[PDB]
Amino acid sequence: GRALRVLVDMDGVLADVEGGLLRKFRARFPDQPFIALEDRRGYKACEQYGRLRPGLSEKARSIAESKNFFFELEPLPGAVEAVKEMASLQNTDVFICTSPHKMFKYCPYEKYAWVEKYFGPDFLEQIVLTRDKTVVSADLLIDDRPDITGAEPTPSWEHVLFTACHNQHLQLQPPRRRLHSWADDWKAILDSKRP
């Protein structure tokens, strides 16, 4: 029978982008103010730094653009184990669908290397790098961005919001769904999309 196809974005779902940004920002710019994760709002971290102090958007971006930023990101709790299990379920195909952002020098490569490091070489085959997720056909999309963007107005996938510091204050209106973490019942969400 037809496999359930699930898209999972790495950023803020598998790899701890927010923790990495904060940790490296503080170490490189110890005499500047920063944004504690609890105070993060909106997926655009650099823009919020810019509102904190003129010039900090540029510094935050320079952190994310630096070599090894993506590669040294820590996996989120229970992320690697859940996705490995997910991919092992019958009638389930998992693709990692994630953005190069506008940082083409190191980001694409390190994302591949990160996935290989935690998931193995085999899994590299399932990666789709795109700014626009709406052109990718699937049953479910799990990512940390509350807003959908891209060329297809109504994507084929249901969008499920993975909780992150910057989105946790949003109270989603049904039938919009939230996955609180990888300890949460993700199997139930998948099962709901099966025949």
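Numbers follow the displayed sequence, beginning with 1.
Stretch exceeding the other in mean C-alpha B-factor - 134-142, 59-67 = Higher mean C-alpha B-factor: 59-67.
Going by the average Cα B-factor in the PDB entry, point out whether 146-154 or 23-31 comes out higher.
-> It is 23-31.
Looking at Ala87, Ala79, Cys107, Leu73, which has the highest CA B-factor as recorded?
-> Most elevated C-alpha B-factor of the set, per the entry: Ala87.
If you rank every modelled residue in this chain by C-alpha B factor, which third holds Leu172: lowest, middle or highest?
-> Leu172: CA B-factor falls in the highest third of its chain.
Lowest, middle or highest third of the chain for the C-alpha temperature factor of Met103?
-> According to the entry, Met103 has a C-alpha B-factor in the chain's highest third.
Which third, lowest, middle or highest, does the CA B-factor of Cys97 fall in along this chain?
-> Lowest third of the chain for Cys97's C-alpha B-factor.
Going by the entry, which third of its chain does the Cα temperature factor of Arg41 land in?
-> Bottom third by C-alpha B-factor.
Just say lowest, middle or highest third for the CA B-factor of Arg51 relative to the other modelled residues in its chain.
-> Within its chain, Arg51 is a highest-third residue by C-alpha B-factor, going by the deposited values.
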